[PDB]
Amino acid sequence: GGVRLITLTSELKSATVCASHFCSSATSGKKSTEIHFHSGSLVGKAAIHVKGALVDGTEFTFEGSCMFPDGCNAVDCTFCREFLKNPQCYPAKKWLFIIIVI
Amino acid sequence: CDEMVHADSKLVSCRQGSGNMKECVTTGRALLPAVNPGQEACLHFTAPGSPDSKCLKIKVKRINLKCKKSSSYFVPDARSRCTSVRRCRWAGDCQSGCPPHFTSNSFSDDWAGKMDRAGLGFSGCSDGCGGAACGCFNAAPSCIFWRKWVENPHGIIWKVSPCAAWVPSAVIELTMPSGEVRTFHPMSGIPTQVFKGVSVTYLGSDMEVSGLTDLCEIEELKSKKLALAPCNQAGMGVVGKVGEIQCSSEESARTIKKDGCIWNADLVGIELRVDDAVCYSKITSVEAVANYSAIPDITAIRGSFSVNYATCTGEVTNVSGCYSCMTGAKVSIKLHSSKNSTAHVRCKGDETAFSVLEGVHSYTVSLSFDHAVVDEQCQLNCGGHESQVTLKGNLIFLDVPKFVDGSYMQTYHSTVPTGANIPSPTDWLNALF
Amino acid sequence: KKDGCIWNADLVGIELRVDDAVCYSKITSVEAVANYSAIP
């Protein structure tokens, strides 16, 4: 989630109604390409989002009415940033190793 | 809510009805920006009275394109039917010359008074057979009168409304400082108003505009599916448009008794017969007749309000991490206090204001911000001089802490720097010479 | 009270309700409705 458009959450239904009514959106500005599908059967929903957050709990039910899922994520991906890389304690005993054997 | 601006403390109309609880009234208007969607905005209020403060919150959910409804229309399922009354000459004293005037709403020939399944079906004289073979004991042409019914056998009807334009809108929820919650259909491009509670709100900035063809909605009352119709419309009905039978009555939708359900002449087509007449329909259906498709600074106005009139702690705890991200990073705060009261801004944060409303027990709150290093001074919430400090390093789009492959790559990044300055210097002045 | 203060039709916009009606305003404010300046 974030810049990219597609995520993967497994949504499951115990439903038999003829058609699923209007569901709702996730957080972080999500307008999905689908909130309704056939609902008379037991079919999973591989939902895609734009969130890219950690808690991963938001309100999204035709009638589910704000169920709370959970999420946990690492911090490692491609890094395209703007500001300075890092300021650290190299001056004490690590700046001496800056100039190395070329 | 990183976005919030306090109220104005100069418009004050307070009457001291109760000594413990001051009673105040304020009105006016509000001017606040709008967020990129998916959060909840707040609105803080003050008073010349020192202790009490109040707040109002606004939630935003979606960005979407819908438009206004100019006028609603209903269309039943018209079906052709007809009856003919066969009258011989000299029986009923038929008009040897048919009179152009007709009592079409009575039918004095056949039951001058009766409710019919008809939308005022027209009547016409016709030249029937004459003679003994026709059984009229006369060579004079027969005397046949007729009636049209416009009827719906089984009722499926559609509410029809045109916009012929499209303006962006959103979703807005209201939180009354008393505690009431309200939402509606906000139309945030055109200055629509909502009149509920005590106050009124209206549009946001028209950042984006687009052009789209003039179209409508359509959807079954039994909800087959939504769809889209050219839906050319007016108070009356032109030939070949999307709705030829205009009605505004769901009560008279299935059956047609009120004249509000309007029509046009001779949509139902008639074929004459020697003894009777045969009726067919030139009317069209609801689908595919011309269809080309199926399914694919928010601010407020302030009325005369009713807004009326502690021991606390530091209650701080841990931090979450994100910076330069438009959402932020939450911080948890676990308070117990003595009044069902609120909190207010700090000095050193330089990010936004506090929006916290708590009660009399140990609770906890979470609020999202973003920073480089964590500073947090001067939070004046309960009126007491309390300040709290936490030192932490916040997440940014930062280097990789796991692999440190950049520390390997950047170390090897320096290559042949002085060599390019040494060999090229051997042919620098000579080439210049 | 005096009719000297004149107006125009349906500046205040109405929304119909099943039991009542809801009134909103199509009127504009005093500032920034078309303003292009304040004090020089």
# chains A, B, ... in the order shown; residues from 1 in each chain; ligands from 1

$ closest_atom_pairs --of "chain B" --to "chain C" --cutoff "10 Å" --atoms "only C-alpha atoms" --output "JSON lines"
{"residue": "B:29", "atom": "CA", "partner": "C:29", "partner_atom": "CA", "distance": 9.1}
{"residue": "B:190", "atom": "CA", "partner": "C:26", "partner_atom": "CA", "distance": 9.1}
{"residue": "B:191", "atom": "CA", "partner": "C:26", "partner_atom": "CA", "distance": 6.3}
{"residue": "B:192", "atom": "CA", "partner": "C:24", "partner_atom": "CA", "distance": 6.9}
{"residue": "B:193", "atom": "CA", "partner": "C:24", "partner_atom": "CA", "distance": 4.3}
{"residue": "B:194", "atom": "CA", "partner": "C:24", "partner_atom": "CA", "distance": 5.7}
{"residue": "B:195", "atom": "CA", "partner": "C:22", "partner_atom": "CA", "distance": 5.7}
{"residue": "B:196", "atom": "CA", "partner": "C:22", "partner_atom": "CA", "distance": 7.9}
{"residue": "B:200", "atom": "CA", "partner": "C:24", "partner_atom": "CA", "distance": 7.6}
{"residue": "B:201", "atom": "CA", "partner": "C:24", "partner_atom": "CA", "distance": 9.1}
{"residue": "B:202", "atom": "CA", "partner": "C:25", "partner_atom": "CA", "distance": 9.2}
{"residue": "B:301", "atom": "CA", "partner": "C:25", "partner_atom": "CA", "distance": 9.8}

$ write_last_selection --atoms "C-alpha atoms" --output "short mmCIF file (atom, residue, chain, number, x, y, z; two decimals), in the first residue's frame"
data_model
loop_
_atom_site.label_atom_id
_atom_site.label_comp_id
_atom_site.auth_asym_id
_atom_site.auth_seq_id
_atom_site.Cartn_x
_atom_site.Cartn_y
_atom_site.Cartn_z
CA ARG B 29 -19.91 31.22 10.23
CA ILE B 190 -22.36 23.43 -5.26
CA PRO B 191 -23.30 25.34 -2.06
CA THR B 192 -25.87 22.90 -0.74
CA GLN B 193 -26.97 23.38 2.85
CA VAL B 194 -28.06 21.01 5.60
CA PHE B 195 -30.44 22.26 8.29
CA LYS B 196 -30.11 19.96 11.30
CA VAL B 200 -25.26 24.45 8.71
CA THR B 201 -22.33 23.48 6.48
CA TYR B 202 -21.58 23.73 2.76
CA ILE B 301 -22.41 28.35 9.01
#

$ residues_around --residues "residue A:72" --least-positions-apart "5" --cutoff "10 Å" --atoms "only C-alpha atoms" --output "ChimeraX atom specification"
/A:53-56

$ write_last_selection --atoms "N, CA, C and O atoms" --output "PDB file, in the first residue's frame"
ATOM      1  N   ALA A  53      -0.192   0.651   5.884  1.00  0.00           N
ATOM      2  CA  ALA A  53      -0.018   0.979   7.291  1.00  0.00           C
ATOM      3  C   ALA A  53       0.229  -0.297   8.092  1.00  0.00           C
ATOM      4  O   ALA A  53       0.391  -1.388   7.540  1.00  0.00           O
ATOM      5  N   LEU A  54       0.258  -0.157   9.416  1.00  0.00           N
ATOM      6  CA  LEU A  54       0.606  -1.265  10.299  1.00  0.00           C
ATOM      7  C   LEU A  54      -0.594  -1.857  11.027  1.00  0.00           C
ATOM      8  O   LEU A  54      -0.782  -3.074  10.993  1.00  0.00           O
ATOM      9  N   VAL A  55      -1.405  -1.025  11.686  1.00  0.00           N
ATOM     10  CA  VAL A  55      -2.491  -1.536  12.521  1.00  0.00           C
ATOM     11  C   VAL A  55      -3.423  -2.424  11.705  1.00  0.00           C
ATOM     12  O   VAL A  55      -3.789  -3.526  12.133  1.00  0.00           O
ATOM     13  N   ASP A  56      -3.803  -1.965  10.513  1.00  0.00           N
ATOM     14  CA  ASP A  56      -4.642  -2.724   9.587  1.00  0.00           C
ATOM     15  C   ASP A  56      -5.966  -3.121  10.243  1.00  0.00           C
ATOM     16  O   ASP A  56      -6.348  -4.292  10.289  1.00  0.00           O
TER      17      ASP A  56
END

$ residues_around --residues "residue A:85" --least-positions-apart "3" --cutoff "9 Å" --atoms "only C-alpha atoms" --output "list in words"
residues 81 and 82 of chain A; 398 and 399 of chain B

$ write_last_selection --atoms "N, CA and C atoms" --output "compact mmCIF listing (two decimals), in the first residue's frame"
# COMPACT_ATOMS: atom_id res chain seq x y z
N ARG A 81 14.17 8.61 -1.20
CA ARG A 81 13.94 9.65 -0.21
C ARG A 81 14.48 11.00 -0.68
N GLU A 82 14.39 12.01 0.19
CA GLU A 82 14.76 13.38 -0.18
C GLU A 82 15.88 13.93 0.68
N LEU B 398 13.67 6.09 5.30
CA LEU B 398 15.03 6.12 5.82
C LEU B 398 15.85 4.96 5.25
N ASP B 399 17.13 4.90 5.61
CA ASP B 399 18.00 3.82 5.17
C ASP B 399 17.48 2.47 5.68

$ residues_around --residues "residue B:266" --least-positions-apart "2" --cutoff "9 Å" --atoms "only C-alpha atoms" --output "list in words"
residues 121, 122, 148, 264, 268, 269, 270, 281 and 282 of chain B

$ atom_distance --atom1 "atom CA of residue B:262" --atom2 "atom CA of residue B:105"
15.1 Å

$ select_by_dssp --residues "stretch 20-191 of chain B" --states "strand (DSSP E or B)" --output "PyMOL selection string"
chain B and resi 23-25+28-29+40-45+54-66+73-74+79-87+126-128+142-151+158-160+162+167-175+181-184

$ interface_residues --of "chain A" --to "chain B" --cutoff "7 Å" --atoms "only C-alpha atoms" --output "PyMOL selection string"
chain A and resi 27-29+76+79+81+85

$ write_last_selection --atoms "N, CA and C atoms" --output "mmCIF file, in the first residue's frame"
data_model
loop_
_atom_site.group_PDB
_atom_site.id
_atom_site.type_symbol
_atom_site.label_atom_id
_atom_site.label_comp_id
_atom_site.auth_asym_id
_atom_site.auth_seq_id
_atom_site.Cartn_x
_atom_site.Cartn_y
_atom_site.Cartn_z
ATOM 1 N N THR A 27 -9.260 2.692 5.363
ATOM 2 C CA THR A 27 -8.672 3.974 5.715
ATOM 3 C C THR A 27 -7.661 4.406 4.655
ATOM 4 N N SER A 28 -6.995 5.532 4.921
ATOM 5 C CA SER A 28 -5.920 6.052 4.072
ATOM 6 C C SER A 28 -6.395 6.315 2.645
ATOM 7 N N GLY A 29 -7.615 6.831 2.512
ATOM 8 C CA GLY A 29 -8.137 7.219 1.216
ATOM 9 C C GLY A 29 -8.263 6.071 0.236
ATOM 10 N N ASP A 76 11.202 -2.635 5.452
ATOM 11 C CA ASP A 76 12.191 -2.772 4.390
ATOM 12 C C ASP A 76 11.502 -2.833 3.033
ATOM 13 N N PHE A 79 13.803 2.351 -1.284
ATOM 14 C CA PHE A 79 13.853 3.638 -0.593
ATOM 15 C C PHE A 79 14.240 4.735 -1.579
ATOM 16 N N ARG A 81 14.174 8.610 -1.200
ATOM 17 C CA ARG A 81 13.944 9.653 -0.206
ATOM 18 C C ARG A 81 14.476 11.002 -0.675
ATOM 19 N N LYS A 85 20.951 11.169 4.411
ATOM 20 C CA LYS A 85 20.875 9.739 4.684
ATOM 21 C C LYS A 85 20.854 9.440 6.177
#

$ atom_distance --atom1 "atom CA of residue B:7" --atom2 "atom CA of residue B:183"
22.1 Å

$ atom_distance --atom1 "atom CA of residue B:390" --atom2 "atom CA of residue B:373"
9.8 Å

$ closest_residue --among "A:98, A:80, A:75, A:47" --to "residue B:321" --atoms "only C-alpha atoms"
A:75

$ select_by_dssp --residues "chain A" --states "helix (DSSP H, G or I)" --output "list in words"
residues 90, 91, 92, 93, 95, 96 and 97 of chain A

$ residues_around --residues "residue B:150" --least-positions-apart "3" --cutoff "10 Å" --atoms "only C-alpha atoms" --output "list in words"
residues 76, 77, 78, 79, 80, 81, 82, 116, 117, 118, 119, 120, 121, 245, 255, 256, 263, 267, 268 and 281 of chain B

$ residues_around --residues "residue A:38" --least-positions-apart "4" --cutoff "8 Å" --atoms "only C-alpha atoms" --output "compact mmCIF listing (two decimals) with N, CA, C and O atoms, in the first residue's frame"
# COMPACT_ATOMS: atom_id res chain seq x y z
N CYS A 18 -29.13 -12.84 -2.09
CA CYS A 18 -29.08 -12.84 -3.55
C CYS A 18 -27.96 -11.96 -4.08
O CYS A 18 -27.24 -12.35 -5.00
N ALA A 19 -27.79 -10.77 -3.50
CA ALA A 19 -26.72 -9.87 -3.92
C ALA A 19 -26.25 -9.07 -2.72
O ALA A 19 -27.06 -8.62 -1.91
N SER A 20 -24.94 -8.89 -2.62
CA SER A 20 -24.38 -8.09 -1.54
C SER A 20 -24.63 -6.61 -1.79
O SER A 20 -24.38 -6.08 -2.88

$ decode --residues "stretch 20-36 of chain C" --atoms "N, CA and C atoms" --output "PDB file, in the first residue's frame"
ATOM      1  N   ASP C  20     -41.770  17.225   7.425  1.00  0.00           N
ATOM      2  CA  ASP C  20     -41.428  18.639   7.520  1.00  0.00           C
ATOM      3  C   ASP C  20     -40.681  19.028   6.251  1.00  0.00           C
ATOM      4  N   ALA C  21     -39.959  20.141   6.312  1.00  0.00           N
ATOM      5  CA  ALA C  21     -39.068  20.552   5.244  1.00  0.00           C
ATOM      6  C   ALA C  21     -37.789  21.114   5.850  1.00  0.00           C
ATOM      7  N   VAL C  22     -36.684  20.946   5.127  1.00  0.00           N
ATOM      8  CA  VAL C  22     -35.362  21.346   5.593  1.00  0.00           C
ATOM      9  C   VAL C  22     -34.854  22.472   4.708  1.00  0.00           C
ATOM     10  N   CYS C  23     -34.486  23.584   5.332  1.00  0.00           N
ATOM     11  CA  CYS C  23     -34.103  24.788   4.615  1.00  0.00           C
ATOM     12  C   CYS C  23     -32.602  25.032   4.697  1.00  0.00           C
ATOM     13  N   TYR C  24     -31.985  25.240   3.534  1.00  0.00           N
ATOM     14  CA  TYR C  24     -30.587  25.642   3.450  1.00  0.00           C
ATOM     15  C   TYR C  24     -30.493  26.935   2.651  1.00  0.00           C
ATOM     16  N   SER C  25     -29.310  27.532   2.578  1.00  0.00           N
ATOM     17  CA  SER C  25     -29.154  28.833   1.949  1.00  0.00           C
ATOM     18  C   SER C  25     -28.280  28.737   0.706  1.00  0.00           C
ATOM     19  N   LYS C  26     -28.802  29.264  -0.404  1.00  0.00           N
ATOM     20  CA  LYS C  26     -28.014  29.497  -1.606  1.00  0.00           C
ATOM     21  C   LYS C  26     -27.412  30.897  -1.605  1.00  0.00           C
ATOM     22  N   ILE C  27     -27.633  31.653  -0.531  1.00  0.00           N
ATOM     23  CA  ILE C  27     -27.108  33.005  -0.399  1.00  0.00           C
ATOM     24  C   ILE C  27     -25.609  32.905  -0.162  1.00  0.00           C
ATOM     25  N   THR C  28     -24.891  34.002  -0.379  1.00  0.00           N
ATOM     26  CA  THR C  28     -23.452  34.042  -0.197  1.00  0.00           C
ATOM     27  C   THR C  28     -23.117  35.004   0.935  1.00  0.00           C
ATOM     28  N   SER C  29     -21.845  35.010   1.323  1.00  0.00           N
ATOM     29  CA  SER C  29     -21.385  35.799   2.453  1.00  0.00           C
ATOM     30  C   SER C  29     -21.093  37.236   2.023  1.00  0.00           C
ATOM     31  N   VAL C  30     -20.424  37.976   2.908  1.00  0.00           N
ATOM     32  CA  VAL C  30     -20.046  39.352   2.598  1.00  0.00           C
ATOM     33  C   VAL C  30     -18.633  39.400   2.027  1.00  0.00           C
ATOM     34  N   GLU C  31     -17.818  38.396   2.331  1.00  0.00           N
ATOM     35  CA  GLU C  31     -16.411  38.382   1.954  1.00  0.00           C
ATOM     36  C   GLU C  31     -16.124  37.210   1.024  1.00  0.00           C
ATOM     37  N   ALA C  32     -15.215  37.427   0.071  1.00  0.00           N
ATOM     38  CA  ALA C  32     -14.645  36.394  -0.792  1.00  0.00           C
ATOM     39  C   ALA C  32     -15.660  35.764  -1.735  1.00  0.00           C
ATOM     40  N   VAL C  33     -16.889  36.279  -1.780  1.00  0.00           N
ATOM     41  CA  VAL C  33     -17.869  35.752  -2.727  1.00  0.00           C
ATOM     42  C   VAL C  33     -17.447  36.082  -4.154  1.00  0.00           C
ATOM     43  N   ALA C  34     -16.944  37.298  -4.366  1.00  0.00           N
ATOM     44  CA  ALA C  34     -16.244  37.657  -5.591  1.00  0.00           C
ATOM     45  C   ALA C  34     -15.078  38.589  -5.299  1.00  0.00           C
ATOM     46  N   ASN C  35     -14.687  38.731  -4.033  1.00  0.00           N
ATOM     47  CA  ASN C  35     -13.714  39.740  -3.644  1.00  0.00           C
ATOM     48  C   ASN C  35     -12.346  39.439  -4.239  1.00  0.00           C
ATOM     49  N   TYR C  36     -11.683  40.493  -4.722  1.00  0.00           N
ATOM     50  CA  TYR C  36     -10.332  40.402  -5.259  1.00  0.00           C
ATOM     51  C   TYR C  36      -9.370  41.313  -4.507  1.00  0.00           C
TER      52      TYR C  36
END
